[PDB]
Amino acid sequence: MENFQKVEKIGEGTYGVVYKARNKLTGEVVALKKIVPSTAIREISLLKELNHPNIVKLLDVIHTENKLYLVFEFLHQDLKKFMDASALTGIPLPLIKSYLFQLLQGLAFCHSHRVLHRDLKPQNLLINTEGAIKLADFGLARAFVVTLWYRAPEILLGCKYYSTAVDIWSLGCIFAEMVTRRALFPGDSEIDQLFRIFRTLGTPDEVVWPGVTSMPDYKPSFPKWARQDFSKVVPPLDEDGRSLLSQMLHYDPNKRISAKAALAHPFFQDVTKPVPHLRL
Ligand SMILES: NS(=O)(=O)c1ccc(NC(=O)c2n[nH]c3ccccc23)cc1
């Protein structure tokens, strides 16, 4: 590991501290994450082959002194900071739509390889100066302070075998947040998270989500809220954007739109790739 000089700490992630670091041989600047079960080693090693331009590149996996360091390509800014910096005027819709489109490409890729993220959130969506956005920490949750805001309702209801659909749900919540400049469901506990979802989208029932009532953490005592209309939930998003968001936020994970079908949605008919103006 001595092959790296830490330049600065970027922050505490779910799986360890992330450092900006410089390779002493190569000269390259990278993100260095200090995270050992052989099972974790093999899953992580699979992730090195999972290469896509909207997926932060895992450069190296350093198992040393019984410790695990992951070396990634480095990006200069995350979507949370960019959202914060954009909050006076909001992110312009064409850049929201570009970001959403690119992230759906990323998902479509990983999902087609049966790999899910499970913990999408603004802090692991990384952006560069060329107008790209990338998913960071893909596949780590499986290979191995906690924000709940982007958690799919089937996870909160105790489903142990959830699907790629959970990422679509997270990404729908992020889409909404870019548009409105506020978190869609900022729960501060699991029940607060669930009940915020219920209050906006309606308490789910057997009609809209067959099997919901048989889920591990479902309680017949849940209060029954009525669904709100999306026009009230994410103005001033147009009809195509609301329609797509609605399909990303379907309760039933089987009805929820796939990343691949989302890419064909009419919302993306006029998609472009703007460059943001970023201050590094
Ligand atoms: N807070 S901030 O906007 O200044 C900022 C946020 C994030 C990164 N960059 C990173 O954290 C980062 N780059 N590549 C990664 C690969 C995996 C995990 C994190 C990775 C830099 C700056």
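If you take the residues of segment 128-141 that are touching a helix residue (DSSP H, G or I) at 6+ places or on another chain (Cβ under 6 Å) and either part of a strand (DSSP E or B) or more than 13 Å from the ligand (Cβ to nearest atom) (or both), which of them is nearest to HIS52 (Cα to Cα)?
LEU135
Hey, can you tell me all the residues within segment 212-231 that are within 26 Å of the chain's Cα centre (by Cα) and part of a loop (DSSP other than H, G, I, E, B)?
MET215, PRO216, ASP217, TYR218, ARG227, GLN228, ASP229
State all residues of segment 147-168 that are in contact with an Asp or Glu (Cβ under 9 Å, 6 or more places away or on another chain) and either within 16 Å of the ligand (Cβ to nearest atom) or β-branched (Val, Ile, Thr) (or both); if no residue qualifies, say none.
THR147, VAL166 - these are the residues of segment 147-168 that are in contact with an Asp or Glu (Cβ under 9 Å, 6 or more places away or on another chain) and either within 16 Å of the ligand (Cβ to nearest atom) or β-branched (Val, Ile, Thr) (or both).
For segment 35-53, does any single residue satisfy the condition of being within 30 Å of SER112 (Cα to Cα), under 21 Å from the mean Cα position of the chain (by Cα), more than 13 Å from the ligand (Cβ to nearest atom) and not in a loop (DSSP other than H, G, I, E, B)?
yes
Could you please give the count of residues in segment 158-208 that are under 19 Å from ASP229 (Cβ atoms) and either outside the structural domain of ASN124 (by CATH) or in a loop (DSSP other than H, G, I, E, B) (or both)?
Residues that pass the stated criteria total 9.
So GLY11 fits all but one of (1) among the small types (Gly, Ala, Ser); (2) out of contact with any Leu (no Cβ under 6 Å at 6 or more places or on another chain); (3) not in a strand (DSSP E or B); what number is the exception?
If we test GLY11 against (1) among the small types (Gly, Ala, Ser); (2) out of contact with any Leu (no Cβ under 6 Å at 6 or more places or on another chain); (3) not in a strand (DSSP E or B), just (3) comes out false.
Which of the residues that make up segment 109-127 are part of a helix (DSSP H, G or I) and over 15 Å from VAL166 (Cβ atoms)?
Hits for segment 109-127 are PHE109, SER112, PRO122, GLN123.
Please go through segment 79-100 and give me each residue that is within 16 Å of the ligand (Cβ to nearest atom) and polar (S, T, N, Q), ordered by number.
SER86
Filter segment 124-177 down to residues that are among the basic types (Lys, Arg) and buried (at least 18 other Cβ atoms within 10 Å of the Cβ) and give me whichever is farthest from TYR218 (Cα to Cα).
Among them, the one singled out is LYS134.
Here's a check for you: in segment 68-123, which residue that is under 13 Å from the mean Cα position of the chain (by Cα) and charged (D, E, K, R) is surrounded by the fewest Cβ atoms within 10 Å (Cβ to Cβ)?
In this case the residue turns out to be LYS80.
The values are calculated or read from the model by the stated rules, or taken from the named source; none is laboratory data. FYI the Cβ positions are ideal-geometry reconstructions off the backbone, even for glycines, and counts take in every protein chain you see.
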